[PDB]
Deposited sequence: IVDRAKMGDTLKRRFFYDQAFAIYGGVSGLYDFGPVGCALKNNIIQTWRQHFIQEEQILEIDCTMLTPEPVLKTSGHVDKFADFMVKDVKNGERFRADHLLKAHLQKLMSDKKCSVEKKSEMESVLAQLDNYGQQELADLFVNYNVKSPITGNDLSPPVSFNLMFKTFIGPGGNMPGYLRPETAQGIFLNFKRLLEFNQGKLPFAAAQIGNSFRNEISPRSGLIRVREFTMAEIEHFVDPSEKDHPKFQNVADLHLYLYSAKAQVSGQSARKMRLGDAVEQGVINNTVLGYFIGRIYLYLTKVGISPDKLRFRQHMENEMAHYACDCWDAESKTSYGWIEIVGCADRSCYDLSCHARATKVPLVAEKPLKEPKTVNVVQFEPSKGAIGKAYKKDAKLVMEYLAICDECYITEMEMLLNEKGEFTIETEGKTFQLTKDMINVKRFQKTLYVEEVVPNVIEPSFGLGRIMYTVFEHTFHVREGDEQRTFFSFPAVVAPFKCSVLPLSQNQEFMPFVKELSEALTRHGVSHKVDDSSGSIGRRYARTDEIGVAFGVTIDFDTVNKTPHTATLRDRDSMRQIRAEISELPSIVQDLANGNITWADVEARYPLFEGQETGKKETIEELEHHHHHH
């Protein structure tokens, strides 16, 4: 129901984006974003920062894309995403472990290569030249957040919960990329890691989103061949469809964000993972695609890296009431025991630790009646002191649960394309994008009605004033009609237009016309006040309905050349 072909022509022609290295014939899965697309991506990301990082006071960090092999071996990406296959003399690549299992001889480490005589989706490289340290381009931005967990917890003064975020590119050496921007080899990701006490799974700010009505696609609905269904968010948590208000909160603000940047609510749903994690999916001409992933990496990455580095990655919680504990434990001279016995005493300490307090005090009872006991599979003298004592714990070690919202900016952008792309009534040559003002490429088009020179002082002052207000704009003063210019600026989604006519130059206070992209409807206002108005529009402070409600609507020019 979206003319994907027509839309793609507009995206290509106006250079929203294009095939990377196109003049060299191009490369699959690689794309350059041109002025308008890059402006859009930067607005989407800017909006994202104010949404998530600013509102939740999230700790943003910036790690390298370059990653050494061990890190991704520990995280399981090396085995999961990689192996090595065999190729036919003249094309026809086949899996190795596969064809080994299939059995025969050949065709149709290198120890295995020698064995036969009887491929990684991660981009691989080498750090330092000479290449003694192999590495990869990171396939996600999360690992950099896990590696810095101690530093990040310390910045938050050791307290939970907290969240870290990363906004940056990731790489995926894809087999055969199709689907335009949807399955690409390099893409910009926005990843949040929200660390929480597993016991404090309640969000204080959930009441902010409980009233939203969302399309939820439960696992039960999926198994039972049902369709997704609209629910009040609060109801969904209350009835247990969404497990808790931490998950719920995160869902609500994701929804608010996707809709804020122009994704249609009716072509947006949240799909539950089945045999807690919900994914944001949008409906496109390619069908339902995942735009926001969700993972729960509790007992996974922190643990792996902890085990691999021997660096304890854990939070630490104070106990309201300190627990005291009786401790009956053996206190063996390491020197004495190790000197008297040789491989013996390794096994003898392999043993003494594994003993009940009963056994222990029987042992020392045997030892105060001078002065030595003996044991299973060794005769111990006083190379063994014994010890009992009170031991108070003021703090318990908390292994944080992690929630991982993973945003694919490319898919989000493409989704915005399909959902905001339109053609006009009549002149179908005239296509436009309904980008919401907070993210449109430019806020304002600045245009004179005719090529007449009496216009240009007004255009310049106006352009200068807009730049002064930090309002991205674009002046279109070219040699054609108002209508050709309005077509060109609408085509790239410029949200508003300011036309400077004869009434601007001739009339007693200077007023120009402000035009809405979607409606083409206009109002008229003092040329010195319009920057602020466009500014309120771009900041989402006011609506177009709000503008029509405050200013005189356009009922024609009163003047002409004079």
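- Where C-alpha coordinates are absent, the deposited sequence of this PDB chain has the segments 109-133, 144-160, 318-325, 428-432, 618-630.
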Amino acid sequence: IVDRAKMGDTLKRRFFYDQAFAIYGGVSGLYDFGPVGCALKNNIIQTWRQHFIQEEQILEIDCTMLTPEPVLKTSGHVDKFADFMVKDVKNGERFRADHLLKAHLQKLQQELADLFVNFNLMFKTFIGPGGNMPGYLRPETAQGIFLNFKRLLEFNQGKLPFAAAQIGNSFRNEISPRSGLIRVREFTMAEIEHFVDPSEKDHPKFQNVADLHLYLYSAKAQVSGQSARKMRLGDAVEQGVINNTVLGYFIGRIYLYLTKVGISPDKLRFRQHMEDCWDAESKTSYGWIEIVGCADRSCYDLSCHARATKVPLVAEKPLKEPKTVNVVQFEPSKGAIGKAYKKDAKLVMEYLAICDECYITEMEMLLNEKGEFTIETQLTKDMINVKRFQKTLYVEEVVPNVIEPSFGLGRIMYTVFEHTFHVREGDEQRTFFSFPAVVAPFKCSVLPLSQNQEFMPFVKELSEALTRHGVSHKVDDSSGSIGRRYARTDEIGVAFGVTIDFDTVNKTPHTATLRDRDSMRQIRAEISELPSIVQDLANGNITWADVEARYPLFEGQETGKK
From here on, numbers count along this sequence of modelled residues.
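- Higher mean CA temperature factor, per the PDB entry, when comparing 513-521 with 36-44: 513-521.
- Comparing the deposited coordinates for 313-321 and 80-88, the stretch with the larger average C-alpha B-factor is 80-88.
- The PDB entry assigns its highest CA temperature factor, among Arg269, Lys73, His305, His99, to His99.
- For the set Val402, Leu147, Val398, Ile337, the PDB entry puts the maximum C-alpha B factor at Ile337.
- Sort the modelled residues of the chain by CA B factor and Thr508 lands in the highest third.
- When the modelled residues of the chain are ordered by C-alpha B-factor, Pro441 sits in the lowest third.
- Looking at the C-alpha B-factors along this chain, the one for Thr67 belongs to the middle third.
- Among all modelled residues in this chain, the alpha-carbon of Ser532 has a temperature factor (C-alpha) in the highest third.
- When the modelled residues of the chain are ordered by their C-alpha B factor, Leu214 lands in the lowest third.
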